[PDB]
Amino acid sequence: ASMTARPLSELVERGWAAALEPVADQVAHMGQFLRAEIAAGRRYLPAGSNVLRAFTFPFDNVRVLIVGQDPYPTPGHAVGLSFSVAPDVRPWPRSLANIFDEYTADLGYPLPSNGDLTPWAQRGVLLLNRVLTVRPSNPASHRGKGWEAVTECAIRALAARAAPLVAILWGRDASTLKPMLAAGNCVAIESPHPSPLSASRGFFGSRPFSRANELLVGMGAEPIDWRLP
């Protein structure tokens, strides 16, 4: 699963491998960056085999994109799908608790049983971050190190598809993708990030899930079934 050693066709789903062809060298460079970090004595999250995990769900099937900032900084939380945690993790990360608070407020569903968001990924929600790795315990430590070109390419490719797309952009770094979503087949929702530092500035009450579904059906697409166990 090494980004430095193997090509996109062997790392990600077929549609994604084609979509990310323009950043093939950049992805290899990121693998070399992570190698250099480890040689220097610094770690990264998520685990190497999970870094590109969002791109293992089919490119063609994406209907909604959620974009955050960067992975969870606590070892054992980040799994390569933004905001998700393994089903045995608890307490939940604070931003996930905030996401779930808004989920219940918006949709009226019960609080989820755990923090595993794979059902969303399986239903065509792409769970991206603007930056795909972080040093443990150091939020935003890999900002500006080369991932932004990769996630820009992902968005640009999604937007070029002959398909509707609704994007939910959480926070400042995610919102730098908005210009790439300007085409008529794409709509973006942006809000403050669900982190405690920002959530009270406009994440709570933002109702992104029902808004995304209104947007999807307005484009002639089926809505996301957001319901989690």
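Here, rigid core means the biggest group of C-alpha atoms that superpose within 1.5 Å across both forms. From 1 onward, residues are counted along the sequence shown.
Where the structures in 9 other deposited structures of this protein are fitted on the rigid core, 168-176 is the one of 24-32 and 168-176 whose C-alphas sit farther from the shown form on average. Relative to the shown model and aligned on the rigid core, the C-alphas in 9 other deposited structures of this protein deviate most, among 8-16 and 201-209, for 201-209. If you average the C-alpha B-factors over 127-135 and over 105-113, the higher value belongs to 105-113. With 21-29 and 216-224 compared on mean CA B-factor from the PDB entry, the stretch scoring higher is 216-224. Per the deposited coordinates, the residue with the largest Cα temperature factor out of 46, 41, 68, 194 is 41. The top Cα temperature factor in the record, among 160, 51, 169, 166, falls on 160. Among the modelled residues of its chain, residue 80 has a C-alpha B-factor that falls in the lowest third, as given in the PDB entry. Split the chain's modelled residues into thirds by C-alpha temperature factor. Residue 74 is in the highest one.
Sort the modelled residues of the chain by CA B factor and residue 140 lands in the highest third.
Split the chain's modelled residues into thirds by C-alpha temperature factor. Residue 64 is in the lowest one.
Among the modelled residues of the chain, residue 90 sits in the highest third by CA temperature factor in this PDB entry.
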